[PDB]
file protein37.cif (mmCIF, N, CA and C atoms)
data_work
#
loop_
_atom_site.label_atom_id
_atom_site.label_comp_id
_atom_site.auth_asym_id
_atom_site.auth_seq_id
_atom_site.Cartn_x
_atom_site.Cartn_y
_atom_site.Cartn_z
N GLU A 1 -18.78 3.39 -9.14
CA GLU A 1 -18.01 4.08 -8.07
C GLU A 1 -16.77 3.25 -7.72
N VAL A 2 -16.07 3.62 -6.68
CA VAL A 2 -14.86 2.85 -6.29
C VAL A 2 -15.10 2.16 -4.94
N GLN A 3 -14.58 0.98 -4.77
CA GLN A 3 -14.76 0.26 -3.47
C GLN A 3 -13.37 -0.07 -2.95
N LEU A 4 -13.16 -0.17 -1.66
CA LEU A 4 -11.77 -0.46 -1.21
C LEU A 4 -11.58 -0.29 0.30
N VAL A 5 -10.37 -0.54 0.75
CA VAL A 5 -10.03 -0.38 2.20
C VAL A 5 -8.71 -1.10 2.53
N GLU A 6 -7.66 -0.36 2.78
CA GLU A 6 -6.34 -0.98 3.12
C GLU A 6 -6.56 -2.17 4.06
N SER A 7 -5.57 -3.01 4.24
CA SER A 7 -5.77 -4.17 5.16
C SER A 7 -4.65 -5.20 4.96
N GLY A 8 -4.65 -6.24 5.74
CA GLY A 8 -3.59 -7.28 5.60
C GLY A 8 -2.96 -7.55 6.97
N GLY A 9 -1.92 -6.85 7.30
CA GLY A 9 -1.26 -7.07 8.62
C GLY A 9 -0.12 -8.07 8.45
N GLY A 10 1.09 -7.64 8.65
CA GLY A 10 2.25 -8.57 8.50
C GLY A 10 3.40 -8.10 9.39
N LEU A 11 4.43 -8.88 9.52
CA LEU A 11 5.58 -8.47 10.37
C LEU A 11 6.77 -8.15 9.47
N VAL A 12 7.68 -7.32 9.91
CA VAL A 12 8.85 -6.98 9.06
C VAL A 12 10.07 -6.66 9.91
N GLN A 13 10.59 -7.62 10.62
CA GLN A 13 11.81 -7.36 11.44
C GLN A 13 12.87 -6.80 10.48
N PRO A 14 14.09 -6.62 10.93
CA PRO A 14 15.15 -6.11 10.04
C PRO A 14 15.47 -7.16 8.98
N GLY A 15 15.07 -6.90 7.76
CA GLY A 15 15.30 -7.89 6.68
C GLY A 15 14.07 -8.80 6.64
N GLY A 16 12.96 -8.28 7.09
CA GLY A 16 11.71 -9.09 7.12
C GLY A 16 10.97 -9.01 5.79
N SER A 17 9.73 -8.61 5.83
CA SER A 17 8.91 -8.52 4.59
C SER A 17 7.44 -8.59 5.01
N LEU A 18 6.67 -7.58 4.74
CA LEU A 18 5.25 -7.63 5.16
C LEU A 18 4.35 -7.95 3.99
N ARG A 19 3.12 -8.29 4.27
CA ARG A 19 2.16 -8.60 3.19
C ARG A 19 0.83 -7.94 3.52
N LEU A 20 0.63 -6.74 3.06
CA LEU A 20 -0.65 -6.02 3.35
C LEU A 20 -1.46 -5.89 2.06
N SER A 21 -2.24 -4.86 1.90
CA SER A 21 -3.02 -4.75 0.64
C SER A 21 -4.06 -3.63 0.68
N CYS A 22 -4.62 -3.34 -0.48
CA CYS A 22 -5.67 -2.30 -0.61
C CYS A 22 -6.96 -3.00 -1.03
N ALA A 23 -8.00 -2.91 -0.27
CA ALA A 23 -9.25 -3.58 -0.69
C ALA A 23 -9.79 -2.88 -1.93
N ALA A 24 -10.59 -3.56 -2.71
CA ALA A 24 -11.16 -2.93 -3.93
C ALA A 24 -12.11 -3.91 -4.61
N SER A 25 -13.13 -3.41 -5.26
CA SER A 25 -14.11 -4.33 -5.91
C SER A 25 -14.39 -3.94 -7.37
N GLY A 26 -15.47 -3.23 -7.61
CA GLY A 26 -15.84 -2.86 -9.00
C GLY A 26 -14.68 -2.18 -9.73
N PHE A 27 -14.05 -1.21 -9.12
CA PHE A 27 -12.94 -0.50 -9.82
C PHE A 27 -11.67 -1.38 -9.85
N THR A 28 -11.63 -2.45 -9.11
CA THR A 28 -10.41 -3.31 -9.08
C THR A 28 -9.25 -2.52 -8.46
N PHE A 29 -8.11 -2.46 -9.09
CA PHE A 29 -6.97 -1.72 -8.46
C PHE A 29 -6.02 -1.21 -9.54
N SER A 30 -5.73 -2.05 -10.50
CA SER A 30 -4.81 -1.65 -11.59
C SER A 30 -5.64 -1.13 -12.76
N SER A 31 -6.84 -1.61 -12.90
CA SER A 31 -7.70 -1.14 -14.01
C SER A 31 -7.72 0.39 -13.99
N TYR A 32 -7.77 0.98 -12.83
CA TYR A 32 -7.79 2.47 -12.75
C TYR A 32 -6.66 2.94 -11.83
N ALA A 33 -5.54 2.27 -11.87
CA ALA A 33 -4.39 2.67 -11.01
C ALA A 33 -4.85 2.76 -9.55
N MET A 34 -3.92 2.88 -8.64
CA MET A 34 -4.27 2.97 -7.20
C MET A 34 -2.98 3.08 -6.41
N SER A 35 -2.85 4.10 -5.61
CA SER A 35 -1.60 4.26 -4.83
C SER A 35 -1.92 3.96 -3.39
N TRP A 36 -0.97 3.72 -2.53
CA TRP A 36 -1.43 3.41 -1.17
C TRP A 36 -0.33 3.29 -0.11
N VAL A 37 -0.78 3.49 1.11
CA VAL A 37 0.06 3.46 2.35
C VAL A 37 0.16 4.90 2.90
N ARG A 38 1.06 5.21 3.84
CA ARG A 38 1.21 6.59 4.42
C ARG A 38 0.69 6.71 5.86
N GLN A 39 1.55 6.45 6.83
CA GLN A 39 1.17 6.62 8.26
C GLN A 39 2.20 5.90 9.14
N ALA A 40 2.14 6.05 10.43
CA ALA A 40 3.15 5.38 11.30
C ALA A 40 2.95 5.78 12.77
N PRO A 41 3.65 5.08 13.65
CA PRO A 41 3.59 5.33 15.11
C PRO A 41 4.39 6.59 15.44
N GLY A 42 3.81 7.74 15.30
CA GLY A 42 4.58 8.99 15.58
C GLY A 42 5.89 8.90 14.80
N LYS A 43 5.89 8.10 13.77
CA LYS A 43 7.09 7.96 12.92
C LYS A 43 6.79 8.70 11.62
N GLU A 44 5.84 9.59 11.67
CA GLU A 44 5.47 10.34 10.45
C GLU A 44 4.95 9.34 9.42
N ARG A 45 4.29 9.80 8.39
CA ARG A 45 3.75 8.84 7.39
C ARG A 45 4.84 7.91 6.91
N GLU A 46 4.53 7.14 5.91
CA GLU A 46 5.50 6.19 5.34
C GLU A 46 4.77 5.35 4.31
N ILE A 47 4.93 5.67 3.05
CA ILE A 47 4.23 4.90 1.99
C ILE A 47 4.89 3.53 1.87
N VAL A 48 4.34 2.71 1.04
CA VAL A 48 4.96 1.39 0.80
C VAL A 48 4.88 1.09 -0.69
N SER A 49 3.83 1.50 -1.36
CA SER A 49 3.81 1.20 -2.81
C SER A 49 2.55 1.73 -3.48
N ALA A 50 2.63 1.96 -4.76
CA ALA A 50 1.45 2.49 -5.49
C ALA A 50 1.58 2.18 -6.99
N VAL A 51 0.55 2.41 -7.76
CA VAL A 51 0.61 2.12 -9.23
C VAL A 51 -0.26 3.13 -9.98
N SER A 52 0.30 4.26 -10.32
CA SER A 52 -0.50 5.31 -11.02
C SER A 52 -0.58 5.04 -12.53
N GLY A 53 -1.69 5.41 -13.13
CA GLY A 53 -1.87 5.20 -14.60
C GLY A 53 -1.99 3.71 -14.88
N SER A 54 -1.88 3.31 -16.12
CA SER A 54 -1.96 1.86 -16.43
C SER A 54 -1.06 1.13 -15.44
N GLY A 55 -0.08 1.82 -14.93
CA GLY A 55 0.84 1.22 -13.94
C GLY A 55 2.26 1.74 -14.18
N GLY A 56 2.47 2.42 -15.28
CA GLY A 56 3.82 2.96 -15.57
C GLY A 56 4.40 3.59 -14.30
N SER A 57 3.57 4.23 -13.52
CA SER A 57 4.07 4.85 -12.26
C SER A 57 3.95 3.82 -11.13
N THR A 58 4.94 3.74 -10.29
CA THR A 58 4.89 2.76 -9.18
C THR A 58 5.61 3.34 -7.97
N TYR A 59 5.19 2.99 -6.80
CA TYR A 59 5.85 3.55 -5.60
C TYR A 59 6.34 2.43 -4.69
N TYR A 60 7.32 2.75 -3.88
CA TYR A 60 7.94 1.74 -2.97
C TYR A 60 8.43 2.43 -1.69
N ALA A 61 7.55 2.85 -0.83
CA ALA A 61 8.04 3.52 0.41
C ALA A 61 8.94 4.70 0.02
N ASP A 62 9.89 5.04 0.85
CA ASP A 62 10.79 6.18 0.52
C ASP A 62 12.25 5.69 0.51
N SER A 63 12.46 4.40 0.56
CA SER A 63 13.86 3.88 0.55
C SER A 63 13.89 2.47 -0.01
N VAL A 64 12.86 2.05 -0.68
CA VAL A 64 12.86 0.68 -1.24
C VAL A 64 12.42 0.72 -2.70
N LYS A 65 12.83 1.74 -3.41
CA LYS A 65 12.45 1.86 -4.84
C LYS A 65 12.74 0.56 -5.58
N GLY A 66 13.60 -0.27 -5.05
CA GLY A 66 13.92 -1.55 -5.75
C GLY A 66 13.83 -2.72 -4.76
N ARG A 67 13.46 -2.47 -3.54
CA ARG A 67 13.37 -3.58 -2.55
C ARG A 67 11.94 -3.67 -2.00
N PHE A 68 10.98 -3.12 -2.71
CA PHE A 68 9.57 -3.18 -2.25
C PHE A 68 8.72 -3.67 -3.42
N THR A 69 7.46 -3.98 -3.23
CA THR A 69 6.67 -4.46 -4.40
C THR A 69 5.17 -4.18 -4.23
N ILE A 70 4.56 -3.63 -5.26
CA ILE A 70 3.10 -3.37 -5.23
C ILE A 70 2.40 -4.63 -5.73
N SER A 71 2.27 -5.63 -4.89
CA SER A 71 1.61 -6.89 -5.35
C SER A 71 0.13 -6.62 -5.53
N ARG A 72 -0.51 -7.25 -6.48
CA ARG A 72 -1.96 -6.97 -6.63
C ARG A 72 -2.75 -8.23 -6.96
N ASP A 73 -4.03 -8.21 -6.66
CA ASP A 73 -4.90 -9.38 -6.95
C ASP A 73 -6.18 -8.87 -7.62
N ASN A 74 -6.18 -8.86 -8.93
CA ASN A 74 -7.35 -8.37 -9.73
C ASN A 74 -8.66 -9.03 -9.29
N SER A 75 -8.82 -10.30 -9.59
CA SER A 75 -10.09 -11.00 -9.24
C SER A 75 -10.08 -11.44 -7.77
N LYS A 76 -9.54 -10.63 -6.90
CA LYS A 76 -9.51 -10.99 -5.46
C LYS A 76 -9.99 -9.80 -4.64
N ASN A 77 -10.40 -8.75 -5.30
CA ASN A 77 -10.88 -7.56 -4.58
C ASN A 77 -9.75 -6.91 -3.79
N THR A 78 -8.51 -7.02 -4.22
CA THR A 78 -7.45 -6.33 -3.44
C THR A 78 -6.06 -6.59 -4.01
N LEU A 79 -5.14 -5.74 -3.67
CA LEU A 79 -3.74 -5.91 -4.14
C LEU A 79 -2.87 -5.97 -2.89
N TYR A 80 -1.80 -6.71 -2.91
CA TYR A 80 -1.00 -6.84 -1.66
C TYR A 80 0.35 -6.12 -1.79
N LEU A 81 1.03 -5.98 -0.69
CA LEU A 81 2.34 -5.28 -0.72
C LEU A 81 3.40 -6.12 -0.03
N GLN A 82 4.43 -6.48 -0.74
CA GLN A 82 5.54 -7.21 -0.09
C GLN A 82 6.58 -6.14 0.22
N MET A 83 6.61 -5.67 1.43
CA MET A 83 7.55 -4.56 1.78
C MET A 83 8.57 -5.03 2.81
N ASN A 84 9.78 -5.28 2.39
CA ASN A 84 10.84 -5.73 3.33
C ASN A 84 11.96 -4.70 3.37
N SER A 85 12.45 -4.38 4.54
CA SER A 85 13.55 -3.38 4.67
C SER A 85 13.47 -2.71 6.05
N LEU A 86 12.38 -2.86 6.74
CA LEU A 86 12.25 -2.24 8.09
C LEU A 86 13.44 -2.68 8.94
N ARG A 87 13.46 -2.38 10.22
CA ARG A 87 14.63 -2.81 11.04
C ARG A 87 14.26 -2.94 12.52
N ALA A 88 13.20 -3.62 12.83
CA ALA A 88 12.82 -3.80 14.26
C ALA A 88 13.04 -2.51 15.02
N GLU A 89 12.61 -1.41 14.48
CA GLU A 89 12.83 -0.12 15.18
C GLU A 89 12.07 0.99 14.46
N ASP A 90 11.01 0.66 13.78
CA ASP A 90 10.24 1.72 13.06
C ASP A 90 8.87 1.18 12.64
N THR A 91 8.11 0.64 13.56
CA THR A 91 6.76 0.13 13.17
C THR A 91 6.08 1.22 12.33
N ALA A 92 5.11 0.88 11.53
CA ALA A 92 4.48 1.94 10.69
C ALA A 92 2.98 1.72 10.54
N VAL A 93 2.32 2.67 9.92
CA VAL A 93 0.85 2.57 9.68
C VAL A 93 0.59 3.06 8.26
N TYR A 94 -0.28 2.43 7.52
CA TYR A 94 -0.50 2.85 6.11
C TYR A 94 -1.98 3.17 5.83
N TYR A 95 -2.25 3.81 4.71
CA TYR A 95 -3.66 4.14 4.34
C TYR A 95 -3.75 4.17 2.81
N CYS A 96 -4.55 3.32 2.24
CA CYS A 96 -4.64 3.28 0.75
C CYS A 96 -5.04 4.65 0.18
N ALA A 97 -5.03 4.77 -1.13
CA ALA A 97 -5.41 6.08 -1.76
C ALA A 97 -5.19 6.01 -3.29
N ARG A 98 -6.21 6.25 -4.07
CA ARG A 98 -6.03 6.19 -5.55
C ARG A 98 -5.37 7.48 -6.04
N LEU A 99 -5.19 7.63 -7.32
CA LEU A 99 -4.56 8.88 -7.83
C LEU A 99 -4.43 8.86 -9.36
N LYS A 100 -5.51 9.11 -10.06
CA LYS A 100 -5.44 9.13 -11.55
C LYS A 100 -6.51 10.07 -12.10
N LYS A 101 -7.03 10.93 -11.27
CA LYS A 101 -8.08 11.89 -11.72
C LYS A 101 -9.40 11.15 -11.94
N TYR A 102 -10.46 11.65 -11.36
CA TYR A 102 -11.79 10.99 -11.48
C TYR A 102 -11.87 9.84 -10.49
N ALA A 103 -10.76 9.36 -10.02
CA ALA A 103 -10.79 8.23 -9.07
C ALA A 103 -9.83 8.49 -7.91
N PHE A 104 -9.71 9.72 -7.49
CA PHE A 104 -8.79 9.99 -6.35
C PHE A 104 -9.53 10.77 -5.26
N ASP A 105 -9.78 10.13 -4.15
CA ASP A 105 -10.49 10.81 -3.02
C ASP A 105 -11.16 9.75 -2.14
N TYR A 106 -10.51 8.64 -1.93
CA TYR A 106 -11.13 7.58 -1.08
C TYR A 106 -10.04 6.89 -0.24
N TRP A 107 -10.19 5.62 0.01
CA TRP A 107 -9.18 4.89 0.82
C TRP A 107 -8.96 5.61 2.15
N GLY A 108 -9.52 5.11 3.21
CA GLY A 108 -9.35 5.78 4.53
C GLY A 108 -9.73 4.82 5.67
N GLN A 109 -8.80 4.02 6.12
CA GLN A 109 -9.11 3.08 7.23
C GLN A 109 -7.92 3.05 8.20
N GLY A 110 -6.82 2.50 7.78
CA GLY A 110 -5.62 2.46 8.67
C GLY A 110 -5.11 1.02 8.79
N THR A 111 -3.86 0.81 8.46
CA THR A 111 -3.27 -0.55 8.58
C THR A 111 -1.88 -0.37 9.17
N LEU A 112 -0.96 -1.27 8.95
CA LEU A 112 0.38 -1.05 9.56
C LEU A 112 1.36 -2.17 9.21
N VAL A 113 2.43 -2.21 9.96
CA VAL A 113 3.49 -3.22 9.76
C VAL A 113 4.24 -3.37 11.09
N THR A 114 4.24 -4.53 11.67
CA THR A 114 4.94 -4.70 12.97
C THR A 114 6.28 -5.42 12.75
N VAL A 115 7.36 -4.71 12.86
CA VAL A 115 8.69 -5.36 12.66
C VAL A 115 8.83 -6.53 13.64
N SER A 116 8.47 -7.72 13.23
CA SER A 116 8.59 -8.88 14.15
C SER A 116 9.97 -8.87 14.81
N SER A 117 10.10 -9.48 15.96
CA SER A 117 11.42 -9.49 16.64
C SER A 117 11.31 -10.26 17.97
#

call {"tool": "encode", "arguments": {"input": "protein37.cif", "output": "C-alpha cells"}}
result
Amino acid sequence: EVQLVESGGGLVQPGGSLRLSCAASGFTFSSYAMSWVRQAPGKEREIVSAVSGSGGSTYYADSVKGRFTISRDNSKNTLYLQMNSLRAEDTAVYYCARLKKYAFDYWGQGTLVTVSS
C-alpha cells in the first residue's frame, strides 16, 4: 500500500524559501511518483511541487516553474520542498497527493508556509 503525510513547516518572507515535505514509507516518493501541496489561508489552494511518472513530470506552485524545487529523501520516508518566492503577504497551506494511476487517492493532512517577516 502507500504510506505518507505532508509536513515540515518553514518560513518564506519575500525572497525567503520554505522547507516542507510529503511523508512516505513503503512506496517511497519517486519510486511511484508523487505530487503535492494545494491549500491556503482563504488564499485559494496553491501547489508547490510534484513529480509524476519516473519524474519526467514536475510541479512548482503556479509561478515558480524555475524558482521552486521538489526536494526528496528516498531512505528518509519523505521528500522536501524548497519553495521561495512568497512575499510576506500570502501565507499558504498545502496537502500532499500522488498521481500515477494505481497510486492516486491518499495524502490528506494539511501543512503550510508562513512568510517570515

call {"tool": "atom_distance", "arguments": {"input": "protein37.cif", "atom1": "atom CA of residue 85 of chain A", "atom2": "atom C of residue 18 of chain A"}}
result
10.3 Å

call {"tool": "resolve_selection", "arguments": {"input": "protein37.cif", "expression": "the PyMOL selection byres ((chain A and resi 21) around 6)", "output": "list in words"}}
result
residues 5, 6, 7, 8, 9, 19, 20, 22, 23, 78, 79, 80 and 81 of chain A

call {"tool": "residues_around", "arguments": {"input": "protein37.cif", "residues": "residue 90 of chain A", "least_positions_apart": "4", "cutoff": "8 Å", "atoms": "only N, CA and C atoms", "output": "PyMOL selection string"}}
result
chain A and resi 40-41+43+86+113-115

call {"tool": "residues_near_point", "arguments": {"input": "protein37.cif", "point": "(-17.6, -3.3, -8.2)", "cutoff": "8 Å", "atoms": "only N, CA and C atoms", "output": "ChimeraX atom specification"}}
result
/A:1-3,24-28

call {"tool": "resolve_selection", "arguments": {"input": "protein37.cif", "expression": "the PyMOL selection byres ((chain A and resi 46) around 7)", "output": "VMD selection string"}}
result
chain A and resid 37 to 40 43 to 45 47 to 49 61 to 62 92 to 94

call {"tool": "atom_distance", "arguments": {"input": "protein37.cif", "atom1": "atom C of residue 66 of chain A", "atom2": "atom C of residue 102 of chain A"}}
result
29.2 Å

call {"tool": "resolve_selection", "arguments": {"input": "protein37.cif", "expression": "the PyMOL selection byres ((chain A and resi 33) around 6)", "output": "ChimeraX atom specification"}}
result
/A:29-32,34-35,51-55,98-99

call {"tool": "write_last_selection", "arguments": {"input": "protein37.cif", "atoms": "N, CA and C atoms", "output": "PDB file, in the frame of the given file"}}
result
ATOM      1  N   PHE A  29      -8.110  -2.460  -9.090  1.00  0.00           N
ATOM      2  CA  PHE A  29      -6.970  -1.720  -8.460  1.00  0.00           C
ATOM      3  C   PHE A  29      -6.020  -1.210  -9.540  1.00  0.00           C
ATOM      4  N   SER A  30      -5.730  -2.050 -10.500  1.00  0.00           N
ATOM      5  CA  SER A  30      -4.810  -1.650 -11.590  1.00  0.00           C
ATOM      6  C   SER A  30      -5.640  -1.130 -12.760  1.00  0.00           C
ATOM      7  N   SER A  31      -6.840  -1.610 -12.900  1.00  0.00           N
ATOM      8  CA  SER A  31      -7.700  -1.140 -14.010  1.00  0.00           C
ATOM      9  C   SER A  31      -7.720   0.390 -13.990  1.00  0.00           C
ATOM     10  N   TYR A  32      -7.770   0.980 -12.830  1.00  0.00           N
ATOM     11  CA  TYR A  32      -7.790   2.470 -12.750  1.00  0.00           C
ATOM     12  C   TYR A  32      -6.660   2.940 -11.830  1.00  0.00           C
ATOM     13  N   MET A  34      -3.920   2.880  -8.640  1.00  0.00           N
ATOM     14  CA  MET A  34      -4.270   2.970  -7.200  1.00  0.00           C
ATOM     15  C   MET A  34      -2.980   3.080  -6.410  1.00  0.00           C
ATOM     16  N   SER A  35      -2.850   4.100  -5.610  1.00  0.00           N
ATOM     17  CA  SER A  35      -1.600   4.260  -4.830  1.00  0.00           C
ATOM     18  C   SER A  35      -1.920   3.960  -3.390  1.00  0.00           C
ATOM     19  N   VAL A  51       0.550   2.410  -7.760  1.00  0.00           N
ATOM     20  CA  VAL A  51       0.610   2.120  -9.230  1.00  0.00           C
ATOM     21  C   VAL A  51      -0.260   3.130  -9.980  1.00  0.00           C
ATOM     22  N   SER A  52       0.300   4.260 -10.320  1.00  0.00           N
ATOM     23  CA  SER A  52      -0.500   5.310 -11.020  1.00  0.00           C
ATOM     24  C   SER A  52      -0.580   5.040 -12.530  1.00  0.00           C
ATOM     25  N   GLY A  53      -1.690   5.410 -13.130  1.00  0.00           N
ATOM     26  CA  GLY A  53      -1.870   5.200 -14.600  1.00  0.00           C
ATOM     27  C   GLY A  53      -1.990   3.710 -14.880  1.00  0.00           C
ATOM     28  N   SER A  54      -1.880   3.310 -16.120  1.00  0.00           N
ATOM     29  CA  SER A  54      -1.960   1.860 -16.430  1.00  0.00           C
ATOM     30  C   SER A  54      -1.060   1.130 -15.440  1.00  0.00           C
ATOM     31  N   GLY A  55      -0.080   1.820 -14.930  1.00  0.00           N
ATOM     32  CA  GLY A  55       0.840   1.220 -13.940  1.00  0.00           C
ATOM     33  C   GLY A  55       2.260   1.740 -14.180  1.00  0.00           C
ATOM     34  N   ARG A  98      -6.210   6.250  -4.070  1.00  0.00           N
ATOM     35  CA  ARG A  98      -6.030   6.190  -5.550  1.00  0.00           C
ATOM     36  C   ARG A  98      -5.370   7.480  -6.040  1.00  0.00           C
ATOM     37  N   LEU A  99      -5.190   7.630  -7.320  1.00  0.00           N
ATOM     38  CA  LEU A  99      -4.560   8.880  -7.830  1.00  0.00           C
ATOM     39  C   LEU A  99      -4.430   8.860  -9.360  1.00  0.00           C
TER      40      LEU A  99
END

call {"tool": "atom_distance", "arguments": {"input": "protein37.cif", "atom1": "atom CA of residue 42 of chain A", "atom2": "atom CA of residue 65 of chain A"}}
result
23.0 Å

call {"tool": "closest_residue", "arguments": {"input": "protein37.cif", "among": "A:104, A:10, A:58, A:96", "to": "residue 83 of chain A", "atoms": "only C-alpha atoms"}}
result
A:10

call {"tool": "axis_aligned_box", "arguments": {"input": "protein37.cif", "around": "segment 67-84 of chain A", "padding_each_side": "3 Å", "output": "JSON"}}
result
{"center_x": 1.3, "center_y": -7.0, "center_z": -3.2, "size_x": 30.3, "size_y": 15.0, "size_z": 19.1}

call {"tool": "residues_around", "arguments": {"input": "protein37.cif", "residues": "residue 14 of chain A", "least_positions_apart": "2", "cutoff": "7 Å", "atoms": "only N, CA and C atoms", "output": "NGL selection string"}}
result
:A and (12 or 16-17 or 85-89 or 115-117)

call {"tool": "build_atoms", "arguments": {"input": "protein37.cif", "residues": "segment 38-56 of chain A", "atoms": "N, CA, C and O atoms", "output": "short mmCIF file (atom, residue, chain, number, x, y, z; two decimals), keeping the file's coordinate frame"}}
result
data_model
loop_
_atom_site.label_atom_id
_atom_site.label_comp_id
_atom_site.auth_asym_id
_atom_site.auth_seq_id
_atom_site.Cartn_x
_atom_site.Cartn_y
_atom_site.Cartn_z
N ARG A 38 1.06 5.21 3.84
CA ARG A 38 1.21 6.59 4.42
C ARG A 38 0.69 6.71 5.86
O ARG A 38 -0.43 7.11 6.10
N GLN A 39 1.55 6.45 6.83
CA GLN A 39 1.17 6.62 8.26
C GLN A 39 2.20 5.90 9.14
O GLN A 39 3.08 5.22 8.63
N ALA A 40 2.14 6.05 10.43
CA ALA A 40 3.15 5.38 11.30
C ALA A 40 2.95 5.78 12.77
O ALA A 40 2.20 6.68 13.07
N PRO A 41 3.65 5.08 13.65
CA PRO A 41 3.59 5.33 15.11
C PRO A 41 4.39 6.59 15.44
O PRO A 41 5.55 6.51 15.80
N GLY A 42 3.81 7.74 15.30
CA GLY A 42 4.58 8.99 15.58
C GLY A 42 5.89 8.90 14.80
O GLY A 42 6.86 9.56 15.10
N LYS A 43 5.89 8.10 13.77
CA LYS A 43 7.09 7.96 12.92
C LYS A 43 6.79 8.70 11.62
O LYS A 43 7.40 8.47 10.60
N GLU A 44 5.84 9.59 11.67
CA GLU A 44 5.47 10.34 10.45
C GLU A 44 4.95 9.34 9.42
O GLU A 44 5.12 8.15 9.57
N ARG A 45 4.29 9.80 8.39
CA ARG A 45 3.75 8.84 7.39
C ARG A 45 4.84 7.91 6.91
O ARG A 45 5.95 7.88 7.41
N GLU A 46 4.53 7.14 5.91
CA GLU A 46 5.50 6.19 5.34
C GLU A 46 4.77 5.35 4.31
O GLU A 46 4.04 4.44 4.64
N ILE A 47 4.93 5.67 3.05
CA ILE A 47 4.23 4.90 1.99
C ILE A 47 4.89 3.53 1.87
O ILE A 47 5.90 3.25 2.47
N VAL A 48 4.34 2.71 1.04
CA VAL A 48 4.96 1.39 0.80
C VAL A 48 4.88 1.09 -0.69
O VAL A 48 5.78 0.52 -1.26
N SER A 49 3.83 1.50 -1.36
CA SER A 49 3.81 1.20 -2.81
C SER A 49 2.55 1.73 -3.48
O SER A 49 1.52 1.93 -2.85
N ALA A 50 2.63 1.96 -4.76
CA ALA A 50 1.45 2.49 -5.49
C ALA A 50 1.58 2.18 -6.99
O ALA A 50 2.61 1.72 -7.45
N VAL A 51 0.55 2.41 -7.76
CA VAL A 51 0.61 2.12 -9.23
C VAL A 51 -0.26 3.13 -9.98
O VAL A 51 -1.42 2.91 -10.22
N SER A 52 0.30 4.26 -10.32
CA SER A 52 -0.50 5.31 -11.02
C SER A 52 -0.58 5.04 -12.53
O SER A 52 0.34 4.52 -13.14
N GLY A 53 -1.69 5.41 -13.13
CA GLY A 53 -1.87 5.20 -14.60
C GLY A 53 -1.99 3.71 -14.88
O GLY A 53 -2.17 2.91 -13.98
N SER A 54 -1.88 3.31 -16.12
CA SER A 54 -1.96 1.86 -16.43
C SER A 54 -1.06 1.13 -15.44
O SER A 54 -1.27 -0.02 -15.12
N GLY A 55 -0.08 1.82 -14.93
CA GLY A 55 0.84 1.22 -13.94
C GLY A 55 2.26 1.74 -14.18
O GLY A 55 3.15 1.54 -13.39
N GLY A 56 2.47 2.42 -15.28
CA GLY A 56 3.82 2.96 -15.57
C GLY A 56 4.40 3.59 -14.30
O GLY A 56 5.58 3.49 -14.03
#
